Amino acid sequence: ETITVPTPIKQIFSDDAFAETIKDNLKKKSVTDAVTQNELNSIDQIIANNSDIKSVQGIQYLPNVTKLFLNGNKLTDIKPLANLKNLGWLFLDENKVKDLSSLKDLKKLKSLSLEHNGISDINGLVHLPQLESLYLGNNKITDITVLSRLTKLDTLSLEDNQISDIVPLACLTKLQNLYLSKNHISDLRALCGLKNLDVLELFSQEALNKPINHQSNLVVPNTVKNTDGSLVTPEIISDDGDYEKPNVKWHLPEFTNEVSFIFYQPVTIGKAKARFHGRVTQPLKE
């Protein structure tokens, strides 16, 4: 519905914090002040960090907006963004946005940040093949299958998720910056071909094996593989265990519901030097 007469900012922008934002963006005195379509048309960029915004309702009326800095807010619904056709940059860290269908037709969208949103299903990213930078740190992502389509990415952050299978990243040969700390990664082989990498982080993995039965002499295959497929030699083994390539071996006269080992290994891919470090946890039954 068209704004055919000057209309109070608060009648368009139902959220009180977001009305304050539009107010300061346009250098108005008060949220009750009136705005025109013409003033709203002038807005290229909204800086709205850390404002406890719960809804961007009314943002549909800003059609020329190219940049949205919405980090540190309380948003759960980004449907109103759906028709911001010239949106290039969207930063939504620390909200709780899980429905990403709303981005599916933002064809100019080049940079997206959705850190700390509690997201598991990233399948909607598949509609954004033009993306150049994507930050998804600190979520609950396990399956990154769909990322294989995002071959324009030069920067990708997946730190602090639940990812064990990094095979999908092998398509992404343009990547220069890749952050994979605090995942569940134990097998680096499928990264070996990313020779444009400049920066890579791989610290503090938590690899979890499927449980096996407890026995008093337990032999467990080392599953930690460097980019060349060599087994990584554990540096510390729990419960007085021993390494005998290719197996970690424990004497457990008494039952314990887990054992584990820590590894640490420098790794080079392309021009990037990382520290592949972590722990493999082995749960036990019976």
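Sequential numbering from 1, following the sequence displayed.
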Exercise. If you average the CA temperature factors over each stretch, which comes out higher, 208 to 216 or 81 to 89?
Worked result: 208 to 216
For this session: Name the higher of the two by mean Cα B-factor in the PDB entry, 239 to 247 versus 45 to 53.
Result: 239 to 247
Exercise. Residue 69's Cα B-factor: lowest, middle or highest third of the chain?
Worked result: lowest
Problem set entry | Record-listed C-alpha B factor of residue 18: chain third | middle
For this session: Just say lowest, middle or highest third for the CA B-factor of residue 99 relative to the other modelled residues in its chain.
Result: highest
Problem set entry | Relative C-alpha B-factor of residue 117, binned into the chain's lowest, middle or highest third | middle
Seminar exercise, completed: Quick tally, chain-level thirds of C-alpha B-factors: residue 76 sits in the highest
